[PDB]
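A.B. asks: Before I ask anything, here is the structure I am working with.
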Amino acid sequence: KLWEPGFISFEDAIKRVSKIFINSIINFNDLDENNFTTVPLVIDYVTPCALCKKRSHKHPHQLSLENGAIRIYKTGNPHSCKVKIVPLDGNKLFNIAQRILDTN
Amino acid sequence: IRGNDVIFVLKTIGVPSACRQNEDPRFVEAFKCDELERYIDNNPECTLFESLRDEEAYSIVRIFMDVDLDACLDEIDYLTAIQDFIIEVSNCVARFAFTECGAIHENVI
Ligand SMILES: [Zn+2]
C-alpha cells in the first residue's frame with residue numbers, strides 16, 4: 001500500500017490531479033493505491049502542458065507523496081518544468097481565514 | 001455512422017486494451033438495445049460501462065455531462081441549478097461551435 005487513505009479517497013485525489021492536467025492522461029486506469037509513486041504518468045500532449053506551458057514534454061511526469069500532499073515533478077530535466085503541489089487537508093477558505101487572523 | 005443500435009460495454013474497471021480490441025467476452029461485450037435492456041432487467045447486479053468500438057470510424061456520440069458533488073441540496077436549488085447549468089453549457093457549446101465548428105449557435109442550443 002503506497003497510499004494512506006487517511007486524507008482523501010484515492011479516486012478523489014486522482015480526480016484532482018487529473019483536473020490539474022488539462023491534457024488527457026494516457027494510463028489513468030492503472031493508477032492505484034500501490035503504484036501511484038512508481039509508474040510514470042504518460043500524457044497525450046494535444047494541448048500545451050498545464051505546468052510548463054510548452055508544446056509537449058519529452059519525458060513523462062511523476063507523483064510523490066510528502067507532508068500530506070502530492071508533489072508533481074517532471075523526469076529528465078527538472079528545471080524544464082514547474083513543480084506542482086496538491087494538498088489534501090483543509091478547506092481552502094479555512095486556510096485563508098487562518099492567514100487573515102494570523103495577521104492580527 | 002448515421003445510426004448504431006448496438007452498444008459496446010465493459011464488465012469492470014481495469015480492462016486492458018489487448019482484450020478490448022480482441023473482444024474478450026470476460027471483459028467486454030456488445031449489446032443490442034432491446035437485448036441490453038433485457039440484460040439489465042435480468043441482471044440487477046450487473047456492472048456495465050458503456051464505451052465505443054473504434055474512435056477512428058465511430059467517434060460521433062451524443063453530448064453528455066456528469067456532475068458529482070458531495071453536497072446534498074434541496075429540490076429548489078437542484079432545479080434552479082440544473083436549468084442554469086444547461087443554460088451556460090448551451091452557451092459555451094454554441095460559442096465554441098460558432099468559433100471553430102462553424103455551426104449555428106441557435107441550432108445547437
Ligand atoms: Zn511540463
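Simple scheme: letters A, B, ... for chains in C-alpha cells order, numbers from 1 for residues in each chain, numbers from 1 for ligands in the order shown.
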Up to 10 Å from chain B, what residues of chain A turn up? Count only C-alpha atoms and give them as a list in words.
C.D. replies: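 Here is what falls inside 10 Å: residues 28, 29, 30 and 31 of chain A.
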A.B. asks: Could you write out, as a list in words, all the residues of stretch 26-87 of chain A that DSSP marks as strand (DSSP E)?
C.D. replies: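 Secondary structure check on stretch 26-87 of chain A, strand (DSSP E): residues 43, 44, 61, 62, 63, 64, 65, 66, 69, 70, 71, 72, 73, 74, 84, 85, 86 and 87 of chain A.
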A.B. asks: Would you please give, as a PyMOL selection string, all residues of chain B that DSSP assigns to alpha helix (DSSP H) based on the backbone?
C.D. replies: chain B and resi 17-22+33-42+75-96+105-108
A.B. asks: Within 7 Å of ligand 1, which residues show up when you count only C-alpha atoms and all ligand atoms? List them as a list in words, please.
C.D. replies: residues 49, 50, 51, 52, 53, 54, 56, 57, 74, 80, 81 and 82 of chain A
A.B. asks: Skip stretch 66-73 of chain A itself and residues of its chain fewer than 4 positions away, then list as a ChimeraX atom specification all residues within 12 Å of it, counting only C-alpha atoms.
C.D. replies: /A:2-8,10,13-14,16-18,20-21,36-37,40-41,50-52,57,59-62,77-90
A.B. asks: With a distance cut-off of 9 Å and only C-alpha atoms, select the neighbouring residues of residue A:46, excluding the residue or stretch itself and same-chain residues fewer than 5 positions from it, and output the selection as an mmCIF file with C-alpha atoms, in the first residue's frame.
C.D. replies:
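Result went into around_8.cif, see below:
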```cif
data_model
loop_
_atom_site.group_PDB
_atom_site.id
_atom_site.type_symbol
_atom_site.label_atom_id
_atom_site.label_comp_id
_atom_site.auth_asym_id
_atom_site.auth_seq_id
_atom_site.Cartn_x
_atom_site.Cartn_y
_atom_site.Cartn_z
ATOM 1 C CA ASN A 23 -4.065 17.305 -21.325
ATOM 2 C CA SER A 24 -5.558 13.827 -21.450
ATOM 3 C CA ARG A 55 4.127 22.335 -26.653
ATOM 4 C CA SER A 56 4.880 18.968 -25.030
#
```
A.B. asks: Please compute the atom CA of residue B:5-atom CA of residue B:34 distance, one decimal, in Å.
C.D. replies: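 A separation of 9.0 Å between them.
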A.B. asks: Could you jot down the atom CA of residue B:55 to atom CA of residue A:11 separation for me, Å, one decimal place?
C.D. replies: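 Distance between the two atoms: 26.1 Å.
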